[PDB]
C-alpha cells in the first residue's frame, strides 16, 4: 500500500499515514536516467504539524504543502532538515516563504552553505557529538554519528514508535550504498549501531528513499554498507 516511485509523477507528492499523527511524504525526481522516490515525515504537534525534510526541490515542496493543506488541514509551523542534500533542504525557500520555521543542525547548515544548497533559518543546538539527542516537540532528534553524511540526523517519534532514519538507512530493495559522495563509510556501521542501541523498540523504520520496514532495515543497511566498503 506504500506509494512506489512508479505511482507518483514527478511534481506530485503522496502522503502515507504510518501511525496516529505520523505520515510520510513521498515525492520523486529523475536523476541520471532513472526515477527515484524520496521520503520525509510529518508529525502532528498538537494542532500544528512538524515537517521532517522537504519533498526534494521547490516544485515538489510546494506540492507537499498543498497536499498537507488538503489532506491534513493543520499548519506546518516547523520543519527540520536531517542532512544537507537537496532531498532534505531543497525547498527550504518554499517552506520559508510559506511561514514555516526551518531548522537544521549547525553541521547541516554549514555543509548546505558549502554546497550552495538552501540553508534552514534556525540552528538546532545540542547535536554536534555522536550520540547526542535533543527533544524537538513530538520527536527526538538524534545524531548517531557520521554515516550517509557527516551531519545526518535520525528522528524518533516516541508516541508512535516511528524511527525515521533518513538517508542513513537503506530500504530493503536497495543493494548499493546509494550516494556515498559525502558518506563516512568507516563510521557508518558504528553509527547504525548507535541507532539500534537507542531505539530497540522502534516498530516502524522509514528510510530516506523507498519502502518502510522494521528494525531489519538497520542490519540490512549495515550489510549494504559493508558490501560497498569491501568493493574490489
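Positions refer to the first chain, counted from 1.
- The mean Cα B-factor in the deposited entry runs higher for 141 to 149 than for the other of 141 to 149 and 78 to 86.
- As listed in the deposited structure, the average C-alpha B-factor of 87 to 95 and of 131 to 139 is greater for 131 to 139.
- Per the deposited coordinates, the residue with the largest Cα temperature factor out of 200, 57, 207, 37 is 200.
- Taking the deposited Cα B-factors for 117, 71, 108, 102, the highest one is held by 71.
- Among all modelled residues in this chain, the alpha-carbon of residue 53 has a temperature factor (C-alpha) in the lowest third.
- In the PDB entry, a CA B factor belonging to the lowest third of its chain's modelled residues is recorded for residue 221.
- Sort the modelled residues of the chain by CA B factor and residue 171 lands in the lowest third.
- Among the modelled residues of the chain, residue 165 sits in the lowest third by CA temperature factor in this PDB entry.
- In this PDB entry, residue 29 carries a Cα temperature factor that places it within the middle third of its chain's modelled residues.
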